[PDB]
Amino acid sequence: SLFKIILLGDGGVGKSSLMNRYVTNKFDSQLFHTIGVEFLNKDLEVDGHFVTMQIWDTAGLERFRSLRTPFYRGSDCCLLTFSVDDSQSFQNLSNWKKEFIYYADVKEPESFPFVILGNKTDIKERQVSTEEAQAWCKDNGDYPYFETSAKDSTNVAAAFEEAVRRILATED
C-alpha cells in the first residue's frame, strides 16, 4: 500500500537535501531552515513488492517542534538523521528517538523500524567516526546504519530502500 517514511534530525543535517536527492536527483547548496512540513511521493519496487512511499520532510530546529509533531502519527518508518561533521547532531539521536515515540504513540516502540543516516559523508573533516555511529545503532535497537551524502548521492537510494525493506519486514 502506502508506506509513510518520516525524516527527523537536527537543523541543517541534510533532511531536505536527502529527500530532494532521492526524489528529484538534484542538490542545492543553499541555506534555508524548513519551517512547515512537506512531503513527496515516489514509487519503486522492493523484493518483488511494488510500493508507493510518501516521504515526510520536517523542521529540525527545536523552536519548530510544534510544526512537525502532529505528523509523526501514522508513520511506518523513521529516518533519524545526523551529520558526520556535527557531533551535537549525533549526540541528539536518543532525544530524537524519544521525541518520535512520545508524539507518534506507537504500540510497540522497540519493534518500530528506525533507519539511521550519518549524512555529509563527502566532508572529510568529521566529528563522528563510523564505528562510534555503528556502536550507537547496535546498542539502541540494532538499526540499519547508512553513511550518506546528499551532495554526491552516496547510499541515498540504498537507505530509502532499506526503509521499505524494514517496513515490509514488520508487516508480520
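Residue indices: 1-based, along the sequence shown.
Going by the mean C-alpha B-factor recorded in the entry, which is higher: 51-59 or 23-31?
Stretch with the greater average CA B-factor: 23-31.
Using the B-factors recorded in the PDB entry, average over the C-alpha atoms of 66-74 and of 140-148, then report which stretch comes out higher.
Per the PDB entry, the higher value belongs to 140-148.
Could you say whether, by C-alpha temperature factor, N119 belongs to the lowest, middle or highest third of its chain?
Answer is lowest: the recorded C-alpha B-factor places it there.
Using the temperature factors of the C-alpha atoms in this entry, rank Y103 within its chain: lowest, middle or highest third.
Middle third - that is where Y103 ends up once the chain's C-alpha B-factors are sorted.
Using only modelled residues of the chain, where does the Cα B factor of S153 rank: lowest third, middle third or highest third?
According to the entry, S153 has a C-alpha B-factor in the chain's highest third.
For the chain shown, is the CA B-factor of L44 in the lowest, middle or highest third of its modelled residues?
It belongs to the highest third of the chain when residues are ordered by C-alpha B-factor.
Using the B-factor values recorded in the entry, state whether the Cα atom of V37 falls in the lowest, middle or highest third among the modelled residues of its chain.
For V37, the deposited C-alpha B-factor lands in the lowest third.
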